[PDB]
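Below, in structure tokens: the form solved without acetyl coenzyme *A (ACO), a single chain.
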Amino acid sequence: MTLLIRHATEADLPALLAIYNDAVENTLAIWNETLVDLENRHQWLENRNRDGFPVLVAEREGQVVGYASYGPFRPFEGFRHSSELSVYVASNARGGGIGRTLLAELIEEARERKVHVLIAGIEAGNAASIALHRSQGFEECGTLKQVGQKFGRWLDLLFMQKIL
């Protein structure tokens, strides 16, 4: 059915939590193994809202089925016009345009807020994510080999970028 894209509120935190923890448990999309709690997600959203970094949710039949945001790429003031983005789709809702719609809307937000470069950091083995980012105009930069670890395995990070 119809996808509503809007900004996240406190009311959405249970959904955001469930989606985030699912990715922590089951995937190589988040390189942490630590499940978080509601307090953690409140602080995450609060700090996003505080710094003026958007959090968008996708809502279907009254249910949040995905979310996206961007945040700082690197601390230094020299990187202030660069932001690193993340998109999460609920595992039950893959394939239907949620991730692509979220990414497209986030890109428009970034433009309005004068972000210069969006950066995606993608686990290098994830061909689907790589092509989908490519399809909205991201370009490969390069891979940092074995810079991550999860489940005792070394992970490679592919960076892509889109210049606005």
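Just count from 1 along the sequence shown to find any residue number.
The same protein also exists as the form solved in complex with acetyl coenzyme *A (ACO); that form is not shown, yet it is the one meant from here on.
- The candidate site formed by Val89, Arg94 and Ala131 is fully in contact with acetyl coenzyme *A (ACO) in the bound PDB entry, as each residue has a non-hydrogen atom within 4.5 angstroms of it.
- Of the candidates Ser135, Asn32, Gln43, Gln63, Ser135 is the one whose heavy atoms come within 4.5 Å of acetyl coenzyme *A (ACO) in the bound PDB entry; the others do not.
- When acetyl coenzyme *A (ACO) is considered in the bound PDB entry, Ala127 lines it closely, a heavy atom lying within 4.5 Å.
- Acetyl coenzyme *A (ACO) in the bound PDB entry comes within 4.5 Å of no heavy atom belonging to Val57.
- Under a 4.5 angstroms non-hydrogen atom cutoff, acetyl coenzyme *A (ACO) in the bound PDB entry lacks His116 among its neighbouring residues.
- Within 4.5 Å of some heavy atom of acetyl coenzyme *A (ACO) in the bound PDB entry lies at least one heavy atom of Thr27.
- Counting a residue when any of its non-hydrogen atoms is within 4.5 Å of acetyl coenzyme *A (ACO) in the bound PDB entry, the hits in 96 to 116 run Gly96, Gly97, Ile98, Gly99, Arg100.
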